[PDB]
Amino acid sequence: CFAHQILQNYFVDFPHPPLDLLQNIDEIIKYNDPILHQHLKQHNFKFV
Amino acid sequence: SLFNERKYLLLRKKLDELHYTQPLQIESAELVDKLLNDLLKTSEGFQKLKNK
Amino acid sequence: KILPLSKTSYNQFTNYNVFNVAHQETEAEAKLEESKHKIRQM
Amino acid sequence: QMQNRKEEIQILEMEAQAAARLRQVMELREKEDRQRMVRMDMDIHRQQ
Amino acid sequence: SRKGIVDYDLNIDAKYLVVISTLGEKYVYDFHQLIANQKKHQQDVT
Amino acid sequence: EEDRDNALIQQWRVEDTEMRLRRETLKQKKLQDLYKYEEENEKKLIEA
Amino acid sequence: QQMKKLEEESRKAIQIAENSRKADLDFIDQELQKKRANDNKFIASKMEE
Amino acid sequence: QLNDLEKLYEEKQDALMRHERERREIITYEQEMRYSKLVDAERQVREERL
Amino acid sequence: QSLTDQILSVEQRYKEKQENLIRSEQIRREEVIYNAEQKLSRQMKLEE
């Protein structure tokens, strides 16, 4: 049930992780105080 | 550069398949590759033009 | 909106890339047979 | 400016046509790389 | 050429030039020797 | 009315944009399906 | 007239690519089937007696 | 105005890499799987010993 | 509306770089693990 309601998009790719959510989370945080992204981008840190 | 060596294989092999000689080295393999890459498309584009 | 409630069925997680799944190795034999090799030597 | 509009509009609409195709182009270029990865993963299954 | 250059700089003692590949490899070499080597060899290629 | 006609530039110009964009978003829906159709066809060839 | 030929260009822009690329995989499928056939025939034959 | 000029090079080039990769896989595999089946050909010395 | 779609291209485009990071992590760790398994093969030296 958890997999269906929560983990519905935690696979997506494979063996690769759910890049879509690794991005969705990064869109949050960019919204929610973008200064982190200024730094993460500056030093090449990525979603995932 | 393993990802490159393994293309040089394929290139030399395609050249022999299509009966090209090749007493040469890997340097310029990409030259040769580009030449086939287009030759096998332009020769076609040209025949297709003729057909039309 | 997922709320996978069915008294008749359970849902497949239909985001599973069937193509690179269902194949870990286990092979107890991979190593126990070396024990057996030595046993044969014994 | 009807002449400058005539020119600007054709400049723009032509690009819009490029965008009109590029949306599909990206999907299949993505497919190629994602699938290229998938192949490599099945190769791992063969390595097992 | 499979490993091309991203950037470069010269030691003031110009005999050595260092060029850095796009993979971060620093090719450190005698610059004078290299000009003379490739210029003279490439001289007869035609 | 000349001024109406000038307004008609922009009014029909944007409808041109409007119908074009209706199609542009409809692309986006169709192209995500284009992607899977090709990815799925490959995934099975590999599987067989 | 462009906008219509340009829409028809999806076919002139070659949906055929799907077919050409598919053909390349139809080929890779048979070629990979031959090398796996080799692996299997050979591991299979070099045994048992 | 010319945004449909590029795209073609990338379609071409990406297809080329798509094909180089599939070809890279089969040649490498056809080559080594070939040496692998050869080893099996060598394994059937042993029937000779059998 | 074009920007929304431009955004989808940026989102969906950028994902490729993280897919590249993902394969970097995915391969590299498995590559190490199954270099560690080469000592299974050293333990085949055992049998020699």
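Here the Cβ is made from the backbone with ideal geometry for all residues, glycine too, and neighbour counts use every protein chain on show. A short reminder: the numbers here are calculations on the coordinates, not readings from a lab.
I'd like the orientation of helix D:2-47 relative to chain D: the angle between its Cα long axis and the longest Cα principal axis, in ° from 0 to 90, rounded to 10. The two axes meet at around 0 degrees.
In chain F, inverting the average of 1/r over every pair of distinct C-alpha atoms gives 13.7 Å as the Kirkwood radius. Label-to-label distance, residue H:36 versus residue D:44, with points set 7 angstrom from Cα along the beta-carbon direction: 1.7 nm.
Label positions at residue C:1 and residue H:2, each projected 7 Å from the Cα along the C-beta direction, are separated by 5.3 nm. Could you compute the FRET efficiency for residue I:5 and residue B:20, with r as their C-beta to C-beta distance and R0 at 45 Å, rounded to 0.05? Using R0 = 45 Å, I get an efficiency of 0.45. Judged by the mean number of other Cβ atoms found within 10 Å, the most tightly packed of the peptides F:22-33, I:13-24, D:1-12 leads the ranking I:13-24, F:22-33, D:1-12. Distance from the Cα centroid of chain E to that of the stretch G:1-19 is 48 Å (rounded to whole angstrom). Listed by chain and number, the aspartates and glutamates whose alpha-carbon sits under 19 Å from that of residue C:36, ignoring those within fewer than 8 places in the same chain, are C:27, I:47, I:48.
Computed from label points 7 Å out along Cα-Cβ, the spacing between residue E:13 and residue G:26 is 6.8 nm. Across all Cα atoms of chain B, the radius of gyration (one decimal) and Dmax (whole number) stand at 13.2, 43 Å. Here the peptides I:34-46, G:22-34, B:34-46 are ranked by packing, the mean other Cβ count within 10 Å, and the order with the highest first is G:22-34, B:34-46, I:34-46.
So if we plug the beta-carbon distance of residue C:30 and residue G:3 into 1/(1 + (r/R0)^6) with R0 = 56 Å, what FRET efficiency do we get, rounded to 0.05?
According to the calculation, E is roughly 0.30.
In the calculated pair-distance distribution of chain G, the portion above 12 angstrom amounts to 72 percent of the Cα-Cα pairs.
Phi angles across the stretch G:2-7 convert, under the Karplus curve 6.51 cos²θ - 1.76 cosθ + 1.60 with θ = phi - 60°, into 3J(HN,Hα) values of 5, 6, 6, 6, 6, 6 Hz, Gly and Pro given as x. For the residue pairs E:15/E:40; G:22/H:12; B:14/F:44, alpha carbon separations beyond 26 Å are given by B:14/F:44. Which residue, chosen from F:48, F:8, F:26, occupies the Cα position most advanced towards the positive end of the dipole of chain F, where the dipole is computed from +1 (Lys, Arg) and -1 (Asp, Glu) charges on Cβ about the Cα centre? My answer, from the dipole projection, is F:48. Legend: Rg and Dmax of the protein assembly as shown, from Cα coordinates, 28.5, 109 Å. Dipole magnitude for chain E: computed about the Cα centre from +1 point charges on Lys and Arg Cβ and -1 point charges on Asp and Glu Cβ, it is near 160 debye.
Listed values for the stretch C:32-42 are Karplus-derived 3J(HN,Hα) couplings in whole Hz (6.51 cos²θ - 1.76 cosθ + 1.60, θ = phi - 60°), namely 5, 6, 6, 5, 5, 4, 5, 4, 4, 4, 5, and x replaces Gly and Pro.
For chain D, the Kirkwood radius over C-alpha pairs fed into Stokes-Einstein at 37 °C and 0.692 mPa s yields D = 239 µm² per second. Less than 11 Å from a label point 7 Å out along the Cα-to-Cβ axis of residue A:1: which backbone N atoms in the stretch C:1-39 qualify, by residue? Those under the cut-off are C:3-6. Against chain I, whose longest principal axis is taken from its Cα atoms, helix I:2-36 shows a tilt of about 10°.
Around the amide H of residue E:16, modelled in the peptide plane, lie the amide H atoms of E:11, E:31, all under 5 Å away and 5 or more residues distant in sequence or on another chain.
What relative contact order, as a whole-number percentage, does chain A give when Cα pairs under 8 Å and 6 or more residues apart are counted?
Averaging sequence separation for qualifying contacts and normalising by length gives 27 percent for chain A.
Grouping the Cα pair distances of chain E into 10 Å bins from zero gives a pair-distance distribution of 27, 42, 29, 2 percent in increasing distance order. For the peptides E:23-36, D:22-35, the ranking by packing is D:22-35, E:23-36, with the highest mean count of neighbouring Cβ atoms within 10 Å listed first.
For chain A, the longest principal axis of the C-alpha atoms and the axis of helix A:19-30 are separated by about 40°.
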